[PDB]
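Have a look at this one before I ask anything.
We're numbering straight along the sequence, starting at 1. Whatever order the structure lists ligands and atoms in, that order sets their numbers, starting from 1. Only this structure's heavy atoms are used, side chains among them; waters, hydrogens and symmetry mates stay out.
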Amino acid sequence: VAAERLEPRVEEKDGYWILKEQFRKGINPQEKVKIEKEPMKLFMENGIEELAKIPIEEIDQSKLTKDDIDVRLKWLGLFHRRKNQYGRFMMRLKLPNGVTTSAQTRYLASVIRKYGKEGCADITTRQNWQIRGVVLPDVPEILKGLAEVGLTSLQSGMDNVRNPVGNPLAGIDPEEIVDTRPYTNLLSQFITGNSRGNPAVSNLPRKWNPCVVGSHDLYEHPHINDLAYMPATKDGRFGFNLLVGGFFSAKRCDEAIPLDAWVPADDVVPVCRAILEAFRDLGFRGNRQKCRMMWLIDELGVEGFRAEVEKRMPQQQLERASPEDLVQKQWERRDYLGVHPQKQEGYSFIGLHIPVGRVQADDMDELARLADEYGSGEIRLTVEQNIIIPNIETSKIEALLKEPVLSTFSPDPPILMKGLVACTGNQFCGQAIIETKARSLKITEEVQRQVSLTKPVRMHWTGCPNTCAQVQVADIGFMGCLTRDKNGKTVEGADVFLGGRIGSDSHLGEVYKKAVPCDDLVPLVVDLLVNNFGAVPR
Ligand code: SRM
Ligand code: SF4
Ligand SMILES: [Cl-]
Ligand SMILES: [Cl-]
Ligand SMILES: [K+]
């Protein structure tokens, strides 16, 4: 690698970071959008106020404003559903560590309630909230309302740092390694500039996923993040070994690799900044399929990349990884659904199954009511698109288990439901090849009617090769496709994946059988469960 390759390609100009004039050749169309107008101005210079007044049909008549609503608004967490729900916007938060309050939950419910059949909400595979039905004229008021309740939607889509994932049992599990909330909170504060916007990290070549590990279970999936903090003691000090570059895409899925770096606990933000600056400064900005950070690591070599991180650290110091970390390899991933004692004597948490992560406004209000009546007004989201209500006096559990809503959002659903994960799919997502959420529920129900089992088999349904529902981590994964029935008619199908493992002994699954019509999946899955996962026909 020539020295010229290491010249920073972006520069700070008037508070924002822009591609240098000599580094604009051959860039992709998204990079052109960012150059044409700085997306962060919609928030930081209140550009959204005037944009929101322009009728959408007029917005669509000029490239600048059409790019504003289709692309730039993702920097404000707003995602135009152009193809499948025209004129409506999905809105995605920052929610470090998946932690929400009842007041926040009620606020989100009140927003989606306004939109009737166009509204609903979803828990995401980054333990985050998305709401649906938003119309552009309402955006300024919603942004204000989010801030009022202590929420932000900043920098949650496009070429930004995505939701910081942590341990859903942080602070409450007797077996936790380290409470991840302070660290994920710090990361989110850094990323969003304390909810004002941080232009220093908003012009990346591509999305970038961070997590902080605090569980032996590795609930945080560090193997598939761009930056994962692995808790580790080094020379008598608490800190983190760093894994880098994990990612999924249509073209390539790769597990994170060691940076060969350890930082003290207090250097979590400094090293996040250094890595992001290196990625921002040096990353490829051509073909969008080759812009994730792992491609930069492959180009420079991990040592070459490490040197770039090191030079951007305070006092330019970056220690080598500790030989061992604190995560115990002898571990069995624990079920968090149901009632579990907390480390605080006399208190329990309850994990509740949210079928395919989908809720309506009335459901959100009911969950918020439960968190207030039984817990401390806190609701935690999980990456399996479920919830935990922590801090429940154990004496209240008997009454809680009798609550009617727990028949729908159950502490003990059938085992296949416990592990079921499904992306948005074509109900709302324009890239989706198939419907996912309703279909996955129907198929899983039919499968479980036919077989019993004791192994916690994890089934993931994703609607296109973007693999937002992470089919490569699943025991059985389903990737949407179009295929053919016996008469040659077009039908929805799935490519079936096997071999995904999570926890310390992680492994990426691969396609097992292509092009299975969705209507033929039940017998295939029933047999896979009996033959490979110890299931017993009923
Ligand atoms: C909601 C969510 C799936 C879910 O049902 O839970 C989701 C939904 C979408 N993803 Fe994703 N992704 C979601 C997690 C992921 C993950 C999983 C993860 O982070 O562990 C991945 C794979 C891991 C990764 O990125 O390394 C993922 C890989 C992508 C990709 C492919 C990335 C790539 O490098 O090629 C795209 C397309 C893109 O960015 O170019 C994408 C694009 C999208 C968009 C924004 C496309 C769009 O504008 O329509 C989807 C919005 C649909 C909608 O209306 O909900 N989504 N997406 C997840 C939101 C997470 C969050 O709260 O921030
Ligand atoms: S995997 Fe595809 S269909 Fe599913 S939410 Fe992501 S982009 Fe949409
Ligand atoms: Cl996006
Ligand atoms: Cl679309
Ligand atoms: K779920």
Any idea which part of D122 is under 4.0 Å from ligand 1, heavy-atom wise: side chain, backbone, both or neither?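 Answer for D122: neither.
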Once rounded to the nearest 0.5 Å, what's the spacing between atom CD1 of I224 and atom CZ of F248?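 Reported to 0.5 Å precision, the distance equals 4.5 Å.
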Around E510, counting heavy atoms of other residues, nucleotides and ligands shown, do more than 12 lie under 6.0 Å from its CD?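 Open: at most 12 neighbouring heavy atoms sit under 6.0 Å from CD of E510.
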For atom 35 (O) of ligand 1, closest protein heavy-atom neighbour: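 It is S249 CB, 3.3 Å.
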Compare every heavy atom of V327 with every heavy atom of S215, then report the nearest pair and how far apart it is.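 So the two residues come closest at O-CG2, 4.4 Å.
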If we only count N/O pairs under 3.5 Å, is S156 in contact with ligand 1?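 There is no such contact.
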Would you name the N/O/S atom of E384 that lies closest to the K ion (ligand 5)?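 Looking only at N, O and S atoms of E384, the one nearest the K ion (ligand 5) is named O.
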Is the closest heavy-atom distance from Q289 to ligand 1 below 4.0 Å?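 False for this residue.
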Salt-bridged, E435 to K442, with N to O below 4.0 Å?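 Looking at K442 together with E435, the answer is no, because their closest N to O distance does not fall below 4.0 Å.
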Distance filter under 4.0 Å to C429 heavy atoms, resulting ligand 1 atoms: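 Counting atoms of ligand 1 from 1, those under 4.0 Å from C429 are 49 (O), 52 (C).
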In terms of side-chain heavy atoms, does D159 have a donor or acceptor partner in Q30 at a distance below 3.5 Å?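 No, no side-chain donor-acceptor pair sits under 3.5 Å.
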I want to confirm something. Looking only at heavy atoms, which of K207, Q470, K74, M90 is nearest to atom 27 (C) of ligand 1?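 Going through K207, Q470, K74, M90 one by one, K207 has the nearest heavy atom to atom 27 (C) of ligand 1.
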State whether a side-chain donor-acceptor pair under 3.5 Å links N203 with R285.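 Per modelled atom types, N203 and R285 side chains form a pair under 3.5 Å.
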Working to the nearest 0.5 angstrom, can you tell me the gap between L482 CG and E492 CD?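 Result: 7.0 Å between the selected atoms.
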Is ligand 1 under 4.0 Å from a heavy atom in the side chain of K251, in the backbone, in both, or in neither?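 The answer is neither; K251 stays 4.0 Å or more away.
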Do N167 and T180 get their side chains close enough for a donor-acceptor pair, meaning under 3.5 Å?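 No pair is found: no donor N or O on one side chain lies under 3.5 Å from an acceptor on the other.
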Nearest protein heavy atom with distance in Å, relative to atom 4 (C) of ligand 1: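 It is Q385 NE2, 3.8 Å.
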Regarding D226 and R206, does a basic nitrogen lie under 4.0 Å from an acidic carboxylate oxygen?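 No, no charged N to carboxylate O under 4.0 Å.
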Give the residue, atom name and distance (to 0.1 Å) of the protein heavy atom nearest atom 34 (O) of ligand 1.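 Closest protein heavy atom to atom 34 (O) of ligand 1: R292 NH1, 3.0 Å.
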Looking at ligand 1, would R132 count as a contact under a 4.0 Å heavy-atom criterion?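 Checking ligand 1 against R132, which is what was asked, there is a heavy-atom contact under 4.0 Å.
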Is the positively charged end of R439 above the ring of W461, judged by distance under 6.0 angstrom from the centroid and angle within 45° of the axis?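 No - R439 does not lie over the ring of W461 by the 6.0 Å and 45° rule.
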Strictly below 4.0 Å, N to O, side chains only: are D254 and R292 in salt-bridge contact?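 No, this pair does not count.
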The K ion (ligand 5) to nearest N/O/S of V421 less than 3.4 Å: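 Short answer: no, not a single N, O or S atom is under the cut-off.
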Metal site the K ion (ligand 5): N/O/S of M417 inside 3.4 Å: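 Not a single backbone or side-chain N, O or S atom of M417 is under 3.4 Å from the K ion (ligand 5).
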I want to confirm something. Looking only at heavy atoms, which of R206, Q127, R126 is nearest to atom 39 (O) of ligand 1?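 Result: the heavy atom closest to atom 39 (O) of ligand 1 is in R206.
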Is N386 close enough to the K ion (ligand 5) to have an N, O or S atom under 3.4 Å?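 For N386, the answer is yes, given that an N, O or S atom comes within less than 3.4 Å of the K ion (ligand 5).
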With sequence neighbours left out, write down each residue that passes side-chain hydrogen bond (donor to acceptor under 3.5 Å, both in side chains) with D495, or none if nothing qualifies.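 In terms of side-chain hydrogen bond (donor to acceptor under 3.5 Å, both in side chains), with neighbours along the sequence ignored, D495 is linked to no residue.
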Is the contact between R288 and ligand 1 made by the side chain, the backbone, both, or neither, using heavy atoms and a 4.0 Å cut-off?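 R288 to ligand 1: no contact under 4.0 Å from either part.
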Heavy-atom nearest neighbour in the protein, as seen from atom 60 (C) of ligand 1, with distance rounded to 0.1 Å: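 Going atom by atom, the protein heavy atom closest to atom 60 (C) of ligand 1 ends up being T124 OG1, 3.5 Å.
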Within ligand 1, which atoms have a heavy atom of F247 less than 4.0 Å away?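 Answer, ordered by atom number: 26 (O).
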Using a distance threshold of 2.8 Å, what protein N/O/S atoms lie below it relative to atom 11 (Fe) of ligand 1?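 Listed by chain and number, the nearby protein N, O or S atoms are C468 SG.
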I need the atoms of ligand 1 closer than 4.0 Å to a non-hydrogen atom of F248, numbered in the order shown.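 Numbered from 1, ligand 1 contributes 22 (C), 23 (C), 24 (C), 25 (O), 26 (O), 32 (C), 33 (C), 34 (O).
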For residues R358 and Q427, is any side-chain donor paired with an opposing acceptor at under 3.5 Å?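 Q427 and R358 do have a side-chain donor-acceptor pair below 3.5 Å.
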Donor + acceptor pair across side chains of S62, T65 (<3.5 Å):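 Yes, a side-chain donor-acceptor pair sits under 3.5 Å.
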Taking atom 63 (O) of ligand 1 as the reference point, the nearest protein heavy atom with its distance: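 Its nearest protein heavy-atom neighbour is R92 CD, 3.5 Å.
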Does the distance from a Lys or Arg side-chain N to an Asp or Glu carboxylate O, for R82 and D60, drop under 4.0 Å?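 Salt bridge flag = yes for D60 with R82.
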Out of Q431, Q130, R81, who is nearest to atom 52 (C) of ligand 1 when you count heavy atoms only?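 Nearest option to atom 52 (C) of ligand 1, by heavy atoms: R81.
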Is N209 near ligand 1, meaning one of its heavy atoms is under 4.0 Å from it?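 True for this residue.
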Look at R333 together with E384 and state whether they make a salt bridge at an N to O cut-off of under 4.0 Å.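 Looking at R333 and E384, the cut-off is met.
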Side chain, backbone, both or neither: which applies to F79 and ligand 1 if a contact is any heavy-atom pair less than 4.0 Å apart?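 The answer is the side chain.
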Could you walk me through whether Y219 and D173 pass the side chain to side chain donor-acceptor pair (under 3.5 Å) test, one step at a time? CA-CA 12 Å; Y219 289 129; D173 173 32; over 6 Å; no
Do me a favour and list the nearest non-hydrogen protein atom to atom 55 (O) of ligand 1 with residue, atom name and distance?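 The closest heavy atom on the protein side is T424 OG1, 2.6 Å.
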Would you check if there is a donor-acceptor pair between the side chains of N386 and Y336 at a distance under 3.5 Å?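 Indeed, the side chains of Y336 and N386 share at least one donor-acceptor pair under 3.5 Å.
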